[PDB]
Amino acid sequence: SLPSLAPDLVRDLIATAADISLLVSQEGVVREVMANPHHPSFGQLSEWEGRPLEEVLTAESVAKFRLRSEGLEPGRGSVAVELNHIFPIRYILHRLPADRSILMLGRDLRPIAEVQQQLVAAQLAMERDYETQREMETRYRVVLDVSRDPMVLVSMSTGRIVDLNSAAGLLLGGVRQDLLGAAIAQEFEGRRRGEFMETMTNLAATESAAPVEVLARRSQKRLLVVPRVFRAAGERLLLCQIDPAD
């Protein structure tokens, strides 16, 4: 249990547990301000002393203080109320027995309000990144799908079709679901994964050289394939434009 505590130490304990503490007379005048020597900001509230508590509360807080305080009788009890100064504060109120004065023990709510504000910013940032990602995905789909230039997108490591448009589908002789994930070499008669990917890669590396001549299995069309290599998110992709050769 708590041993005996000198008045000076009791004042210091209270002042340090609370962020801001007020002694207020029965008349409603701020008799003493005790601010936490550890807690930031406060301490310029020297000026609050001698002045009406109502002078440092919003309209809404005054009425609220009045209501919750009128009932408060001096004894074993306390009551809690959130108030706003000219910043938000949780006060626990005690009425002292000798002169009906009110001791208000304040817990500063600015730190929690501050992190909430950050969370609000965080959440708006996520909305922005999500919308912008969807906007880019849509531009990508739109440009690729509407384009009359037959194009196929191929993964350099797997040799598989990762995307294409319907114009490529027509020239290749297949529908989207057949062609997505299909090994590109295997769509052309006589080609195999190894040598075909090496051909495209070498081709893509020189601007002056002709396209590759292939025969599409499904459509039985001779086609000219023109490959371009680029990096997307680290990964190497081949973008091939295809034309009828005959």
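Residue indices: 1-based, along the sequence shown.
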For this session: Could you bin the unmodelled part of the deposited chain lying between residue 86 and residue 87 as none, 1 to 3, 4 to 9, or 10 or more?
Result: 4 to 9
Problem set entry | Greater mean Cα temperature factor according to the PDB record, 37-45 or 187-195 | 37-45
Problem set entry | Of 59-67 and 210-218, the stretch whose C-alpha atoms average the higher B-factor in the entry | 59-67
Exercise. Whose CA atom has the top B-factor in the entry, of 150, 173, 106, 75?
Worked result: 75
Problem set entry | Largest Cα B-factor, entry values, listed residues 223, 233, 17, 226 | 233
Exercise. By its CA B factor, does residue 28 count among the lowest, middle or highest third of the modelled residues in the chain?
Worked result: middle
Exercise. In terms of the CA temperature factor given in the entry, to which third of its chain does residue 144 belong: lowest, middle or highest?
Worked result: lowest
For this session: Taking the chain's C-alpha temperature factors as the reference, tell me which third residue 2 falls into: lowest, middle or highest.
Result: highest
Exercise. Which third of the chain holds residue 94 when residues are ordered by C-alpha B factor: lowest, middle or highest?
Worked result: middle
For this session: For residue 100, return the chain-relative third of its C-alpha B-factor as stated in the PDB record: lowest, middle or highest.
Result: highest
